[PDB]
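A short worksheet on the structure shown next.
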Amino acid sequence: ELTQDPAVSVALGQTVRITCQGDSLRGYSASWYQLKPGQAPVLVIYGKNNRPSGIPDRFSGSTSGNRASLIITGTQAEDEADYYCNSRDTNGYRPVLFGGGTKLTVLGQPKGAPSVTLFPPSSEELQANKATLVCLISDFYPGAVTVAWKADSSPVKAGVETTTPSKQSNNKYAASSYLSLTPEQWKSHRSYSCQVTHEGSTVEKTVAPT
Amino acid sequence: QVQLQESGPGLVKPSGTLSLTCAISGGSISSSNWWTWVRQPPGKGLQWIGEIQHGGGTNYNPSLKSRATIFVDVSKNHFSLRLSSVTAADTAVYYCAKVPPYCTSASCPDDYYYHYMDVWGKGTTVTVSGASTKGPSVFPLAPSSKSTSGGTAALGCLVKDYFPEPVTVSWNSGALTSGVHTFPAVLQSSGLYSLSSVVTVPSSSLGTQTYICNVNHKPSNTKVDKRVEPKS
């Protein structure tokens, strides 16, 4: 019943307009919610350009008949998110309806290089007959990295698990890579290395049993 | 000032019944508000579940009406959701929310002709699975100044091999918040999750300030307070 543009892009600093359509908008108007991963939705606009406190004034919007618009001026990196249209049907039991969502991409965000921190297994974990190396990657943009591990200088073919990148509070990305070893594997090599490649550059951190 | 907080078991077996409660604080449940449940399946959009008005009726998403019931406990200032015969399609983050009153007739105050969802809970993660709950093992990530700015060091906690999501991590019982970076969890081939929380602190404090990470894994009723000390 509620239809919105599923994908819109805007250049950083420019104005974007997200639209929603549906007969249910004629009665109680549209409301808009910003949705970021790992986070609860946030009401940004409803009614006749009603803006909750805490929402910056670059957000605005209104409803006209069966159509509604959410307008963001001077769009910023933190505005990149999913936006959901919302309404209440006027017929029947008056169900609350949600649009399918609009994925807003903010183009031209500045590149940032990754910072890499590598922790060796703790002595307490080794005593529990396990060994986990933890490679933490922060502050990079765009959110595409490749992570490779080495035992001494040989590539590791088992035990690696890396997260998908996720946004930080500063709108850069973070990711983490784990290498699960036995204590025997950890102690039998001179060192292990975590190699992070981002935009053609590589950062390698190395730890050794001691 | 009205605030909402979801509670409930984070793991439900298939064909079981999901039971969630939302606590209302900073305000009373005894109003014309529509106390609401919403969910977000992973990788999918928001879905309205239903609503209840104290002294009024209920109202449900027809696609879920055969399995969802919403109640009110006026004595506890809570309202609740029960979802029966769950399957994988019900794995989601569940939110409670507040919807102000609306009018169906004329001559109401003008505010009541607008629908919106004002206040939201933080959300609770529900995983439908036959797998058993597993509590985490917590290990220290001993301090290191290699990747930090001058005069500071990074130390942390590894929260290893738990199921299901989520875990929360604080530092020094919440007194330490500056410089804390808790990373989203990885899902291992074992089907168990692991995450790390790191805090960057002044190097001058390492030998004198106690650092403890407070790990909470509610699905397994496990709490761990792990002391993190410099290596020797």
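Residue numbers (the deposited numbering), protein chains in the order written: chain L, 3 to 212; chain H, 1 to 232.
Ideal placement from N, C-alpha and C gives every residue a C-beta, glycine not left out.
Check	Outcome
DSSP-derived helix/strand/coil call for H:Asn216	strand
Identity of the residue in H:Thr148, H:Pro184, H:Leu192 and H:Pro136 nearest residue 235 of chain H by Cα	Nothing about residue 235 of chain H can be read from this structure; chain H reaches only from 1 to 232.
Among L:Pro122, L:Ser124 and L:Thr165, the one whose alpha carbon lies nearest that of L:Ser140	L:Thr165
CB contact flag (L:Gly161, L:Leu138, <8 Å)	no
Inter-residue CB distance, H:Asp90 and H:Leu81 (contact presumed, cutoff 8 Å)	No, H:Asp90 and H:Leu81 are not in contact; Cβ-Cβ is about 11 Å, not under 8 Å.
Residue-level contact to chain H via CB, L:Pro97, 8 Å cutoff	yes
Cα-Cα separation, L:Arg96 to H:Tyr112	14 Å
Among H:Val201, H:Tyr94, H:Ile70 and H:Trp171, the one whose alpha carbon lies nearest that of H:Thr148	H:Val201
Entirely enclosed beta strand (DSSP E) segments - the region 26–66 of chain H, minimum 3 residues	34–40, 47–52 and 58–60
4-residue-minimum alpha helix (DSSP H) runs that sit fully inside the region 5–64 of chain L, ordered along the chain	27–30
Buried versus exposed call for L:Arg90 [16 or more other C-beta atoms within 10 Å across all chains shown]	buried
Burial state of L:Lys174 (16 or more Cβ within 10 Å)	buried
Under 9 Å by beta carbon: chain H residues contacting L:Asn88	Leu46, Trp48, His115, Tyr116 and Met117
L:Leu37 and L:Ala83 closer than 8 Å at C-beta	yes
L:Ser156 burial status per 10 Å Cβ neighbour count (16 or more: buried)	exposed
Within 8 Å of chain L by C-beta, residues of the region 174–203 of chain H in sequence order	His181, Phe183, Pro184, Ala185, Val186, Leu187, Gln188, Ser189, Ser194, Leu195, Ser196 and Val198
Contact with chain A by H:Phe139, beta-carbon distance below 8 Å	Absent from the structure is chain A; the protein chains it does hold are L and H.
H:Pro14 burial status per 10 Å Cβ neighbour count (16 or more: buried)	exposed
Minimum C-alpha distance to L:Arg53 - residue among H:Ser132, H:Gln188, H:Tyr116 and H:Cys22	H:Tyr116
Straight-line gap, H:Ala153 to L:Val205 (C-alpha atoms, nearest Å)	19 Å
Range of the contiguous alpha helix (DSSP H) that encloses H:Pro14	No alpha helix (DSSP H) contains H:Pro14, which DSSP labels as neither H nor E.
Exposed unless 16 or more other CB atoms sit within 10 angstroms - verdict on L:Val46	buried
For H:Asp225, three-class secondary structure by DSSP	strand
Proximity test, Cβ basis, 8 Å: H:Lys134 and chain L	no
Every unbroken alpha helix (DSSP H) inside the region 102–178 of chain L [4 residues or more]	125–129
Three-state secondary structure (DSSP) of L:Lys189	helix
DSSP beta-bridge partners of L:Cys87	L:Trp34
Residue burial classification, H:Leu187 (beta-carbon count within 10 angstroms, cutoff 16)	exposed
Own chain residues within Cβ distance below 7 Å of L:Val18, not counting five before or after	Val10, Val12, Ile74, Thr77 and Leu106
contact_flag[the region 22–35 of chain H, the region 3–13 of chain H] where n(CB pairs < 8 Å) is 3 or more	yes
H:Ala153 - DSSP class collapsed to helix/strand/coil	strand
Distance, L:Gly29 Cα to residue 234 of chain H Cα	Absent from the structure is residue 234 of chain H, since the part of chain H shown begins at 1 and ends at 232.
Local conformation of H:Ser75 per DSSP, three classes	coil
H:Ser132 in three-state terms, based on DSSP	coil
Coil, strand or helix - H:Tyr211 by DSSP	coil
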